[PDB]
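Below: the structure, in structure tokens.
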Amino acid sequence: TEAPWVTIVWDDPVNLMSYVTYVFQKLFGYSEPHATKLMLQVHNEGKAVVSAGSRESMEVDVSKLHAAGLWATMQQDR
Ligand SMILES: [Mg+2]
Ligand SMILES: [Mg+2]
Ligand code: NI
């Protein structure tokens, strides 16, 4: 069966919170309040879904995030 996927960013001990907010705006076109909210969700919960779409589209988002130095994975949405 067909299924959509999500990209998840994970908290890490090195990166700056301000960097993550910028990366989400730059890579995804998100507004500042959206990017900051997602950043704080990852930082306070340990992880958060940052984007959603086809498996192929999430593969691109994971690669973009890895090149930025962020810990990203993808998984099917259930
Ligand atoms: Mg990270
Ligand atoms: Mg879900
Ligand atoms: Ni921290």
Side-chain angles (χ1 to χ4, degrees), residues 3-55 57-78:
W5 285 60
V6 296
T7 300
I8 294 157
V9 170
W10 300 86
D11 186 32
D12 76 75
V14 179
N15 281 296
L16 292 168
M17 297 172 75
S18 63
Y19 180 61
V20 172
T21 300
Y22 161 68
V23 168
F24 292 165
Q25 289 210 267
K26 184 63 178 181
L27 293 183
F28 306 126
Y30 295 160
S31 68
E32 188 281 340
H34 184 195
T36 294
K37 182 173 185 65
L38 290 174
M39 180 278 291
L40 292 169
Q41 189 179 2
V42 178
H43 199 227
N44 286 314
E45 310 310 315
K47 59 176 191 163
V49 171
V50 300
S51 64
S54 71
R55 181 176 182 161
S57 62
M58 298 298 95
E59 186 177 344
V60 171
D61 285 353
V62 168
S63 302
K64 286 162 64 176
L65 285 159
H66 279 197
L70 273 52
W71 292 359
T73 60
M74 60 175 216
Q75 62 188 54
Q76 188 199 310
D77 207 355
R78 289 270 276 165

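Any value given below was found using the heavy atoms of this structure, including those in side chains, with hydrogens, waters and symmetry copies removed. All residue numbers refer to positions in the sequence shown, counting from 1.
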Write down the atom of [X], the atom of [Y], and the distance for their closest heavy-atom approach.
X: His66; Y: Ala72; answer: NE2-O, 2.8 Å
X: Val6; Y: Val49; answer: CB-CG1, 3.7 Å
X: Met58; Y: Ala52; answer: CE-C, 3.4 Å
X: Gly69; Y: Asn15; answer: O-ND2, 3.0 Å

Contact list for residues 40-49, test side chain to side chain donor-acceptor pair (under 3.5 Å), sequence neighbours left out: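 Listed once each, the pairs would be none.
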Distance (rounded to the nearest 0.5 Å) between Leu27 CG and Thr7 OG1: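 It is 11.0 Å, given to the nearest 0.5 Å.
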Atom pair NZ/OG of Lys37 and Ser31 - distance to nearest 0.5 Å: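 Atom-to-atom, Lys37:NZ and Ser31:OG are 11.0 Å apart.
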Within-4.5 Å side-chain heavy-atom neighbours: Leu70 and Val23: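 SC-SC contact between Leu70 and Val23 confirmed.
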Those residues that, when tested against [X], pass side-chain hydrogen bond (donor to acceptor under 3.5 Å, both in side chains) (two or more places apart):
X: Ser63; value: none
X: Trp10; value: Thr73
X: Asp11; value: none

By side chain to side chain contact (heavy atoms under 4.5 Å, CB included) - contacts of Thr36 (at least two apart):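 Side chain to side chain contact (heavy atoms under 4.5 Å, CB included) list for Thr36, sorted by chain: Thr21, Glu32, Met39, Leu40.
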Pairing residues for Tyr30 by the ring pair (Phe, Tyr, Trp, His ring centres under 6.0 Å) criterion, not counting sequence neighbours: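 With sequence neighbours excluded, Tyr30 shows a ring pair (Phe, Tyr, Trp, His ring centres under 6.0 Å) to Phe28, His34, given in chain and number order.
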Common cluster, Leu65/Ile8, ILVMFWY with side-chain heavy-atom separation under 4.5 Å: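 Different hydrophobic clusters.
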Derivation and outcome, side-chain contact (heavy atoms from CB on, under 4.5 Å), residues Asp61 and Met74: CA-CA 9 Å; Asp61 285 353; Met74 60 175 216; over 6 Å; no
Check against side-chain contact (heavy atoms from CB on, under 4.5 Å), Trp71 and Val14: CA-CA 11 Å; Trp71 292 359; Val14 179; over 6 Å; no
